[PDB]
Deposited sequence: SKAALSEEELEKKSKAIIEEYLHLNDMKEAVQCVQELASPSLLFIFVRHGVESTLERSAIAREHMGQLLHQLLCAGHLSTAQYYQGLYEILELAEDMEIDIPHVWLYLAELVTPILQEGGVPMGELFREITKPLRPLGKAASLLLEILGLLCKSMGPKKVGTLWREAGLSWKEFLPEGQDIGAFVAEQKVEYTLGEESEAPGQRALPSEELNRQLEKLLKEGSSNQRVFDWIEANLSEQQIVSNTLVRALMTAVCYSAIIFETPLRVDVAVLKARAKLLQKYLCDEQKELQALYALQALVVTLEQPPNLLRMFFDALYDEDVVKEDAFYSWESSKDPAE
């Protein structure tokens, strides 16, 4: 039938488009080609094919495919609904593939995660929709877990947990009736998933740094936004230390410290870390930070070195911290 060939032809073109994209990596060309299909109600096929063809290709291919879908979504060519339709077609068969493809869930997470980027789908909505096919499987956790893993890798479990929480997400929503959340979370190692001016502070400092604000801009902001008591508080010290050190994390594998960032912020930190007491309080904060990053190998020491080198934390504070 016409409709039959239509689906055939579309898959054919999705293949051509997808193949060229993975080969040349020209995002803009791929996006336009999809647009030229002018078949919004059949893009589930494109999605399905993209997933199928890259599932066992490579991590990089899955990444590129995920990014393209996010782009298509963002450009308004691929509807959320069509995206889900295409995925469901494969998520439905996931459990079965697990037999021959052990890390299938991981591969799926690698394909979906890019969708969480700005302009994409909100975590709460994504997690809730994406898991319907797994409502039957009773395997919702298998996927979300791999997704949370990827996110952690790129931003830290702490921030991930906050994202999860802000979405009002609950494991109850994804676990079999009666399963002990406390246990599951403890066993799968996701305890991290479990306004106050002090918390607002963290959010604002984070934003300031995220937007590449100069030290003066931050100095001014603090002066313009906190009271005298707040300005000399340990709370500011801890929040500042945390935001600054966080902004210096390079999320590669393994994680590293961008000493150039620290050097650039040294003066900002010295200003508030004006005594041994405050320096110590800052070290505690940094420590708790690294802890949330799951004590990666000797990353703390890397911060210590840079901090000592930049004259941000002096010897005595280090001595005292040792206790």
Given the full deposited sequence, which segments carry no C-alpha coordinates? 195-204, 334-339
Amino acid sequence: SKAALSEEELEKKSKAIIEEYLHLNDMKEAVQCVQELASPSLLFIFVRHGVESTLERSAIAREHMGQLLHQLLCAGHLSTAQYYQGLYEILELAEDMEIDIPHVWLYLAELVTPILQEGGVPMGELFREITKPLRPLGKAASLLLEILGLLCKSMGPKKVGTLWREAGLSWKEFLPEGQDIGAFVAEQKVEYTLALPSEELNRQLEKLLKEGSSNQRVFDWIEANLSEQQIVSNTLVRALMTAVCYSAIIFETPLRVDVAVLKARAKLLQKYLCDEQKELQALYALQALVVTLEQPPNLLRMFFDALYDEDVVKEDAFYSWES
From here on, numbers count along this sequence of modelled residues.
Between 142-150 and 249-257, which has the higher average C-alpha B-factor in the PDB entry? 249-257
Give the stretch, out of 218-226 and 126-134, with the larger mean C-alpha temperature factor in the deposited entry. 126-134
Deposited CA B-factor, highest of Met155, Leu208, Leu106, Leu93: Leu93
Pick out which of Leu201, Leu175, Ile101, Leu111 has the highest C-alpha B-factor in the PDB entry. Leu175
Looking at the C-alpha B-factor of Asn234, is it in the lowest, middle or highest third of its chain? middle
With respect to C-alpha B-factor, does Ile181 fall in the lowest, middle or highest third of the chain as deposited? highest
Relative to the other modelled residues of the same chain, rank the CA B-factor of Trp171 and answer lowest, middle or highest third. highest
Going by what the PDB entry lists, where does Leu299 fall on CA B-factor within its chain: lowest, middle or highest third? highest
Temperature factor at the Cα of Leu194, chain-ranked in thirds, falls in the highest
